Amino acid sequence: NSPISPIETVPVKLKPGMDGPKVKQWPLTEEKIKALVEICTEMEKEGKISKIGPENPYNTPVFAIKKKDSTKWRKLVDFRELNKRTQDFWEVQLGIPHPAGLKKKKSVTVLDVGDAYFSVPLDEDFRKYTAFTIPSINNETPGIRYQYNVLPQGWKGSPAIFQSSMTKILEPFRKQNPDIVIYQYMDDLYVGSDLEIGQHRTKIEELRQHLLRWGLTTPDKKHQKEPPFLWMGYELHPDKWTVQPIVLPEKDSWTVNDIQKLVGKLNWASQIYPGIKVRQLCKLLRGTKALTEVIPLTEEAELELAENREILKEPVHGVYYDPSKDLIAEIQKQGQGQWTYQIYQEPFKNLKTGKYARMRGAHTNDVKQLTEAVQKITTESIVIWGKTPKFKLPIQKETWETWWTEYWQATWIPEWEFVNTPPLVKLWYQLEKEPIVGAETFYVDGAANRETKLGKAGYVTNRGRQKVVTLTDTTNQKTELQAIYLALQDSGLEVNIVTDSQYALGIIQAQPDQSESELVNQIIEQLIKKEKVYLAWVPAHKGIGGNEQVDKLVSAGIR
Amino acid sequence: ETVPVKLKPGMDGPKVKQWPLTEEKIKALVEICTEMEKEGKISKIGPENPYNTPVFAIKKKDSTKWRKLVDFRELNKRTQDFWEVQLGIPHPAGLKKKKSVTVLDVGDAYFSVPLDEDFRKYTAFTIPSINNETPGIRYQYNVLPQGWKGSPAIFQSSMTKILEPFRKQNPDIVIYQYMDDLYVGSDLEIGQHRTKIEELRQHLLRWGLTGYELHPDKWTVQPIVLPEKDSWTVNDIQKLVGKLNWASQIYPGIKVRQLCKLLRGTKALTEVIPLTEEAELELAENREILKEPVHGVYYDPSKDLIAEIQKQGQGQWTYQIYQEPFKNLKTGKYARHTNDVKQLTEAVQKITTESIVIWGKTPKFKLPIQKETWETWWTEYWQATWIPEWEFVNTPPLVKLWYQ
Ligand SMILES: N#Cc1cc(Cl)cc(Oc2cc(Cl)cc(OCC(=O)Nc3ccc(S(N)(=O)=O)cc3Cl)c2)c1
């Protein structure tokens, strides 16, 4: 059958401290023993396997299952033990090609290698550990005994050694063809060039030939596939690409399983369809009952799915990559910490799209998210094109300059331009640098008892005003924020506030505009309403003016 | 003959992911590596080598040739016993006292010497490809690599010979080898100094190996600075005891009660208050304690060094090096087309090299910046041949002002 490449071999080893497998062969039925015997004699005839005596002490279980439908049997080898004794290999690949990173080529053809692993040899002093045994009828007769010479399916080193071996082989043909692209994915090669069918079909032939000198068989013209190549979830036409048909289930009652699948699908649709949204849908998942359990659709969720349906009416495709031009990336704020993007080279002809949501932390604002997204996209660009894009962002250069400049954390965005695409990104309130002459100073504090979990929150001001609220299942942190809220409720358009909580100071000082906490959001509306707010910090328990006074106020009964 | 190297027991080789590189850096590394392959310095390697160590391309102060820079942070940790307590290179305490220190790249030296064959495997690295077109190009070292602390560990005894004549003739000169660099300090006038270094590059030159001027005596304090003013405000006092409050805990004797008493009852922050004489006795006392070295704090060699850095805006950055939190070994500022990441890069390098001159080890940096940003951008500006260790933090609100 299936030639076994002349190439050199890869010296495999076993893990330090470990010898090969020695696992007992389970007794098999007669039909199974027979089927196995037919299979093993055929593979032996082809050089794939070899007889050995019982002097070799190693053994690995064999099985044979028939088939859902047809009448041909398969041999199965349980390589669990050998795998757990084989050295670790290098991570085969780290990332799969993205269609949008595919250089636009005049012609490309797909070459899958036939019987990949079986066409490549195995290190000689390793064959011995691949020993397996067809057993006899019951016990009696010693079983028939074999060991691999090629790369076994299901053994840990096969994908790596195959990939290595195909690298070695491709080397010299690359050399004398530096202008031909050969993608290596698993046991496929994808080949493209910028030449007229003519010398294309020839060059490919010359490749096919070069491979065969090396024991690797590939389809001829007529057997090689025609475009659209349906690959890895994608559709790959000669001048565009897209994801394969997505079809969203219409059902009376959605199970958790039904929703997980949907999100997967919509997620997958997001890399070329813009505007795709998934948050109303994911929320449903939080907490969840059975996989087979029906979750009723939220109204907001009905609203998400419907909008998505309208996007998916009418296909969208994406284009390929031209390295002589720049990449442009445009980002739009879609809403609930939701962000959406498009990369293109020539205006509005997109290479791909995406979204960004990922809540980075507990409290944030849009400028921070906007810049998180730029980070995420920059990285994705290096991986795919090997260079970063020119950004176009819905944030004014000034908003940006204020914020980076005054913020404690270091920040940087590549090359960017403003673009006037609402909603624009903005900061919704600034704190003062200096106290507000002729505004009331509130001194705020909060305290909670570590057992009862009870707390008090209040203030005393410099105009004799005072207050103390009680709260029932709190923590110190919650009480301190509560205090600040109070102070903002009864304060009117310009307050100075003084706190001893570095905690709240931190939160507020970063100009949050969204939070996981209802309390922090309450605080946000106050602050937005205000005209001038100044906020300042003192240490606690050092009798200080207003502070000593609220401290005892909110202490009474708590500590 | 090769000095055989042992791993720190039970534990074994580095398996660090490789970062995505841009096309230009990939090309530059392909070039560089093809060349050192032709010279026998590295060799393509097989699937059966499961180790990996990231690799990048940098520039280096004035130059238009890319340099290769291999991150051996992992490897160095897994070999700490070999290079540190077995072939250790003693740090001379005199080095920080010299009027000038010059730093010289001695890294091309290591390519003379071959690497113990049973260690080569631990040095594996990968040049990635774009969009995953092809498998990375893998390689390992046949010789002492730049950036691995074992290299100067081993090379130590040849380095002593290279320098013996020159040490004999300038006995008041300190030469210290740290990783890929030589540190050379003298008390000479700046002309005679640059001359002695010129002269030292000929000794080096005669043996293969083929700059940077520091002034360590002129490295002085960053005193926690309190203001001087007429008309002190409630706020200013609050701020004052604030800053003062925190200065005690490291500074022994800082007192606030007098200052503190000033503010009593519940009054407006803008209200101006008069500063009673007893209060000024603290300011002063504090002021002087505040300009001095700590007292109590000593380098312990067995402990790690930490460095924290804060963004003060308008291009300046403060920092502190310590081993026990608060127990400050050193504090400083750094000031500056220059963005944040560029700046943060310059400072990290500058603190690291000081830290190298003073203690002969580099700090773990707490970096006020998002991982990803830093990781994507740090090499655009990096120029050193070593890499310190770092983690990512969220600068406290107050720590900023207190070191302001
Ligand atoms: N990963 C992956 C992957 C997976 C598979 Cl199955 C195939 C594959 O081949 C490639 C390889 C390259 Cl170098 C570019 C590319 O796409 C852009 C392009 O120019 N295509 C393109 C151009 C002409 C034709 S024609 N007229 O020859 O039919 C067909 C096509 Cl697809 C597609 C890549």
# chains A, B, ... in the order shown; residues from 1 in each chain; ligands from 1

$ residues_around --residues "residue 368 in chain B" --least-positions-apart "6" --cutoff "7 Å" --atoms "only C-alpha atoms" --output "ChimeraX atom specification"
/A:409-410 /B:309-310,392-395

$ residues_near_ligand --ligand "ligand 1" --cutoff "9 Å" --atoms "only C-alpha atoms and all ligand atoms" --output "PyMOL selection string"
(chain A and resi 96-111+180-185+188-194+197+225-232+234-241+319-321) or (chain B and resi 131-133)

$ interface_residues --of "chain A" --to "chain B" --cutoff "7 Å" --atoms "only C-alpha atoms" --output "PyMOL selection string"
chain A and resi 12+88-90+93+95-98+101+160-161+164+183-184+375+382-387+405-406+408-412+435+437+441+461-462+506+538-539+544-546

$ atom_distance --atom1 "CA of residue 13 in chain B" --atom2 "CA of residue 177 in chain B"
25.6 Å

$ residues_around --residues "residue 470 in chain A" --least-positions-apart "2" --cutoff "8 Å" --atoms "only C-alpha atoms" --output "PyMOL selection string"
chain A and resi 454-457+468+472

$ atom_distance --atom1 "CA of residue 380 in chain B" --atom2 "CA of residue 370 in chain A"
22.5 Å

$ residues_around --residues "residue 190 in chain B" --least-positions-apart "2" --cutoff "12 Å" --atoms "only C-alpha atoms" --output "list in words"
residues 98, 99, 100, 101, 102, 185, 186, 187, 188, 192, 193, 194, 195, 196, 197, 213, 214 and 215 of chain B

$ residues_around --residues "residue 92 in chain B" --least-positions-apart "3" --cutoff "10 Å" --atoms "only C-alpha atoms" --output "JSON, numbers by chain"
{"B": [89, 95, 96, 174, 175, 176, 357, 358, 359, 360]}
